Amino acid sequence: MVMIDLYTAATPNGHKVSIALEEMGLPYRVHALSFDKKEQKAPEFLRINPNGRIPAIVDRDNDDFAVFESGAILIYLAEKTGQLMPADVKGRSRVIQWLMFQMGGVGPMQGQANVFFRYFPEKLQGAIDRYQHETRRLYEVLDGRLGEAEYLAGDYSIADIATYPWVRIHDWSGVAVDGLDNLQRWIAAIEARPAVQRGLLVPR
């Protein structure tokens, strides 16, 4: 009955969802897409995510309902299981606020830092600085919030799960966390979770 099909790859956005699945204890199976062979752009996959990116899930127990966008998947799974997002109005909204901060801010900006720092054909220092500086500013917003609360929305939630896999690779992006003591505490706490350790290994 219960089964999530997960279409993913070893990237921060993929790890968001595998971490969530491991935390929640939901049965799932992994379809690891090869970017090398453009499998994320194949017609059969566009039927599931028209954007042709990972992650996406198909919920086999819900008439093979497709969900794309890591943040939407996290919300779907949290509502499905009642875990990792409070049911009350304020608690729920706080989670969604920090989740949106990740989806609109941390992920896209740090991703562009990766692009210009590591992947772009030509070296453009102006673009590199823009994104590394913007990522660092966002990290400072997180650090400030984590001075008032143990996790972003209070208790650990899908907002922390969305954000951690990006912060985790800050060195790859060329962004330092020096001086960010609250963020560092949070990094240490999350990386110690067994579900997080298991989720980071998917796909293998």
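Sequential numbering from 1, following the sequence displayed.
Mean C-alpha B-factor is higher over 37 to 45 than over the other stretch, the pair under comparison being 169 to 177 and 37 to 45. If you average the C-alpha B-factors over 150 to 158 and over 28 to 36, the higher value belongs to 28 to 36. Of the candidates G107, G126, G82, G71, it is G126 whose Cα B-factor is highest according to the PDB record. Compared with the other modelled residues of the chain, the Cα B-factor recorded for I190 ranks in the middle third. In the deposited entry, the Cα temperature factor of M1 places it in the highest third of its chain's modelled residues. Among the modelled residues of the chain, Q102 sits in the lowest third by CA temperature factor in this PDB entry. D61 sits in the highest third of its chain by CA B factor, as recorded in the PDB entry. Ranked by C-alpha B-factor against the other modelled residues of its chain, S93 falls in the lowest third.
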